[PDB]
Amino acid sequence: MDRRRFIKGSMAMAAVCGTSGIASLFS
Amino acid sequence: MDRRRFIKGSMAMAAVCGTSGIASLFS
Amino acid sequence: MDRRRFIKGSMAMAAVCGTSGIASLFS
Amino acid sequence: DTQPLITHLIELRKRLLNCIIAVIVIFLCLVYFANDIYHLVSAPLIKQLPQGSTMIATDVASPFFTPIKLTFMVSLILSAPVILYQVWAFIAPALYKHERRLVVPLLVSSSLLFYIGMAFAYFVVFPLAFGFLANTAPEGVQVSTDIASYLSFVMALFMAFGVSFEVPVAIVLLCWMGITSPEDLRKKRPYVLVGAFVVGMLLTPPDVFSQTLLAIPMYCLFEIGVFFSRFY
Amino acid sequence: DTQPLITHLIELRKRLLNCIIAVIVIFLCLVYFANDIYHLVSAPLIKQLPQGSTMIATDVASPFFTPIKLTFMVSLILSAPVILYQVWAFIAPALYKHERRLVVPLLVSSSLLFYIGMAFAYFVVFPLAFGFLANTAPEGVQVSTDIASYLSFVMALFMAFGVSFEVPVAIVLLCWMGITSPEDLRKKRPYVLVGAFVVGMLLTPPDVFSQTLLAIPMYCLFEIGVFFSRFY
Amino acid sequence: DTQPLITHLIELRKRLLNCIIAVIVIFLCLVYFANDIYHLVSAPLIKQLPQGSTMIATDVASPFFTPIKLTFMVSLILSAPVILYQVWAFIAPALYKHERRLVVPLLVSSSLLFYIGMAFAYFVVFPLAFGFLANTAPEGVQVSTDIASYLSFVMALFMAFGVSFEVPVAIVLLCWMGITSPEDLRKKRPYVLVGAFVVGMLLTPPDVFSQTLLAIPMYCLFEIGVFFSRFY
Amino acid sequence: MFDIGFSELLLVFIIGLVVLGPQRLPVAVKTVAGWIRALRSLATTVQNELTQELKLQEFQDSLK
Amino acid sequence: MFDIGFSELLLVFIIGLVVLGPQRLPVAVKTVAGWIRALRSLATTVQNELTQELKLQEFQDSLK
Amino acid sequence: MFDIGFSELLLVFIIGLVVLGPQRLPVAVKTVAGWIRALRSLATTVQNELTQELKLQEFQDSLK
């Protein structure tokens, strides 16, 4: 994993939690 | 599609969004 | 069903509702 | 008669514009008297406030945007006949002939009863409730009612009385056609009591106080509706 | 011993009724003194309020329903021994013999410590905190405490102190039965610190203030619990 | 250059610590003047308050934790150059050469424009808005502004003006390198208007007032940004 | 979202248990679950119908 | 439903990163995810058992 | 979680219908849905990559 993929994935995970909660991420 | 189906479907989406959010509708 | 399984299941359903809402339980 | 999606959206947009235009025109004709409108709404409370007590504004924008919020809600209420007609004209093709014999009586009767609920709440309930709530404070507590919180309480009571006033007539109308019978409504009593708490939970903030403030009028007015169902 | 679902629901309904009956009867015996009960709770604040400062009521229904809300939760606290027994009687057949030797000491010790939490908070923490908070306002700011906000703050502290008082004794008991050792509690310190913030986040509104006002009592009193685990 | 996950978490933890250290050190040097810092923030309101009106504190912990919350946010704002640099240093390897030519001008200009936006709000918007809001209350209403509610209003306006100040310059910068043309910005006008309401909906509490308070500055200054795009 | 509180939900189940009873509350919850299941099924099929009509509009609009 | 704020969640991850570290935080999140996975698995199997018992109750009630 | 109110959401659709129109609003909602679909797709594949990397770390850590 590179820095770009790490930042891109982290924002996507953060965006999902803001629209579907933390339970969706752990699903 | 008829007007009855449009109204029936639209209320279903609003009811789903009221119980599961707009993210569930876009899922 | 025994009392232990009833209590264990009831808490699990309550925990799910507290983390994913009441619509998730009915899904 | 199947139609494309845009045809339904063209019609809905046209009906939405008429509702928006009606609300804005009423709001523009009323926004200048926003303070005078708030004086009328706050008049029952001011008359019952204790000596040395007065209304306060705890928010910086409350002195301006609370009268503006009220006069906008008055605009929505005064535009309800226009909004209901546009709703009726958009759902008229959907309804069948037998369903049309219900929605028209409900739509006309709801408009008058909802206004009568406000008149009953303002001219009867408000003087009685405010005369008790404002004078039951604990010793050493100064009743300083916030204008923002007062508007929420008044709007909540106005909607509760307007909606609950329609419940008995709706029940009697259902009994008159034969959709429901007084015997069937009596054996569905436990479900309505639990259902009233469910309806109050969904349509109100998570406070139990708001849940009960909607549930008890809903269930009680349901009971009175079954009473008049006997005399029909 | 497997049983049908209705058998567990029949027993649960019976135990729930005994809890509701206890709360309602205590509430009825206490609802008449709702204002007098609020005077006792607000006594630490009134004694520490600055000259010219008094409690206010910013909500129309607050002067009546805030004392009513207080005497209801006082009924819940006073009915905790009855509620806990009904909980114990429902979960008694579920627990094994080895789990019975731990839950029974926890239930009895929790009840006393949870009351000592209020006694410590009311008689020690409240005079000290209110004497500082009410006299640290910026210049020109008039301390006018809302009765609705004060009740939430008091129950936030009462719940925090009652629950957190049980943490050290629960830790010492777990060390006594051999479930957890003081060595294992020291290496789990980083996880409890993060876990305390998680627990505070879930059980409190999204304000960080409520998260820290709860998490710090757990983690701090967790550390004291480990300290007494050495002396055992 | 692919790296293990811990390598990115080691770097993120190091940069997070430098942000935490910067905020705390500023906070410790500023928490002693929390009341004095609040006097500066509330100075525009006090100067415009009506005769006999003063700020109040309706929460028990508000007199202490509202100045503490304010001086903590001031620490975050004063530590923005440090925080932004750490964010830049963690995302620098991710950015390509062409994306580096856009992020660097945005980050440097955003810092100055954010400070200018709050300075504009404090020195221009606050005296004008407070002179109108505090003197437009309905007759018989005493403007008693809560300190906790005033802090939220000030932070909402400071954030809105600082963020929206960056919009016109960002639009001009995008037009300069050729990412977006003024012609393409005019045909996307309907989408930005709807998008502004969406952005305001997500980043604000469910109150429509907070939605519009963020949407209007964003859409309006978007329109002004397109206007300067012509002169480039 | 409809705002649902834990205290509000517990009150409904507590009241439902003591009013409807051990034999009627499970059926009431089962019936309500079917209503939500049918509500989400109706929402899903209409969205599929809307998606197909939008594709048809693109074909018509592109040609014209 | 538990009320979780974005600021509260960020604080937990910020504190978790600086306390647990780069090597223990991912394992902690993985462990918590397994707890939620097991909690929902237990909820689903119990609801299936309750549904099967309700059908048996209907069979007994209908005959009697 | 972002806090979305029913009044706020209705205002967005009401404004979108009267501004974007009957022909552009459905496409706008479809485009936004694709963004969320891609956002959740990107979140899932990254979590899969993180899980696979955590397994590799355990193998290296256990040996050393």
Side-chain angles (χ1 to χ4, degrees), chain D residues 31-32 34-36 38-39 42 54-71 144-151, chain E residues 52-53 56 58 137-144, chain F residues 33-59 62-63 66-67 69-71 73-74 77 115-162 164-165 209-210 212-214 216-217:
Chain D
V31 73
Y32 183 75
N35 280 351
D36 310 32
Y38 201 92
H39 293 152
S42 62
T54 196
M55 296 210 90
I56 69 178
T58 54
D59 299 355
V60 202
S62 192
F64 181 72
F65 288 109
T66 307
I68 265 62
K69 187 177 188 178
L70 163 69
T71 185
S144 301
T145 305
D146 175 18
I147 58 169
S149 67
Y150 176 75
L151 183 60
Chain E
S53 283
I56 70 176
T58 56
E139 191 172 6
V141 175
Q142 165 111 63
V143 179
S144 300
Chain F
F33 312 97
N35 278 351
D36 309 18
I37 286 172
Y38 193 102
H39 295 151
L40 300 171
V41 177
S42 62
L45 184 68
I46 274 43
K47 194 179 83 284
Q48 305 291 339
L49 275 184
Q51 168 91 28
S53 283
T54 201
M55 296 198 84
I56 70 177
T58 57
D59 298 355
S62 191
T66 286
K69 190 176 190 178
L70 161 71
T71 186
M73 289 143 164
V74 166
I77 293 171
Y115 294 146
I116 286 174
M118 314 180 303
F120 178 74
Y122 184 85
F123 286 102
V124 159
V125 176
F126 282 3
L128 265 61
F130 294 153
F132 173 76
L133 297 174
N135 304 270
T136 185
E139 202 130 353
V141 175
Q142 210 216 315
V143 178
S144 299
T145 302
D146 186 292
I147 60 169
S149 84
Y150 174 76
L151 183 60
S152 298
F153 183 81
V154 151
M155 290 307 138
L157 256 54
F158 272 157
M159 284 334 90
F161 271 80
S164 60
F165 250 62
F209 187 68
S210 315
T212 307
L213 251 60
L214 206 37
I216 289 322

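Any value given below was found using the heavy atoms of this structure, including those in side chains, with hydrogens, waters and symmetry copies removed. A note on names: the letters A, B, ... follow the listed sequences, proteins ahead of strands, and every chain is numbered from 1.
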*Under a 4.5 Å cut-off applied to non-hydrogen side-chain atoms, are F/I37 and F/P67 in contact?*
no
*asked:* Looking only at the aromatic ring of each residue, does the gap between the centers of F/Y122 and F/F161 stay below 6.0 angstrom?
replied: no
*State, yes or no, whether a side-chain contact exists between F/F132 and F/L128 at a heavy-atom distance under 4.5 Å.*
no
_Would the distance check show the side chain of F/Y38 and the main-chain N or O of F/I147 forming a donor-acceptor pair, the cut-off being under 3.5 Å?_
yes
*Indicate, with yes or no, if the rings of F/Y115 and F/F165 have centres closer together than 6.0 Å.*
no
_Distance in Å, F/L213 CG paired with F/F153 CZ, rounded so as to fall on 0.5 Å steps_ = 6.5 Å
*About how many Å separate NZ of D/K69 and CZ of F/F209, when rounded to the nearest 0.5 Å?*
10.0 Å
*F/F126 versus F/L157: any side-chain heavy-atom pair under 4.5 Å?*
yes
*Is the shortest heavy-atom distance from the side chain of F/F33 to the side chain of F/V74 under 4.5 Å?*
no
_How close do F/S164 and F/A160 get, counting heavy atoms only, and between which atoms?_
OG-O, 2.5 Å
*Start with the C-alpha gap between F/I77 and F/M159, add the side-chain angles, then the distance that decides, and say whether side-chain contact (heavy atoms from CB on, under 4.5 Å) holds.*
CA-CA 10 Å; F/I77 293 171; F/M159 284 334 90; 4.3 Å; yes
_Over all atoms of both residues, closest heavy-atom pair of F/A134 and F/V143_ = O-CG2, 3.5 Å
*Any donor-acceptor N/O pair, F/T54 side chain to E/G140 backbone, under 3.5 Å*: yes
*asked:* If I take atom CG from residue F/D36 and atom CD from residue E/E139, how far apart are they, to the nearest 0.5 angstrom?
replied: 9.5 Å
_If you compare all heavy atoms of F/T58 against all heavy atoms of F/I56, which two are closest, and at what distance to 0.1 Å?_
CG2-CD1, 3.7 Å
*Residue pair E/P138 / F/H39: nearest heavy atoms and the distance that separates them*: CB-NE2, 3.5 Å
_Non-hydrogen atoms of F/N35 and E/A137 that approach each other most closely_ = ND2-O, 4.0 Å
*F/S42 and F/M55: which non-hydrogen atoms are nearest, and at how many Å?*
CB-SD, 3.8 Å
*Could you grab the distance from atom OG of D/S62 to atom CD1 of D/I68, nearest 0.5 Å is fine?*
11.0 Å
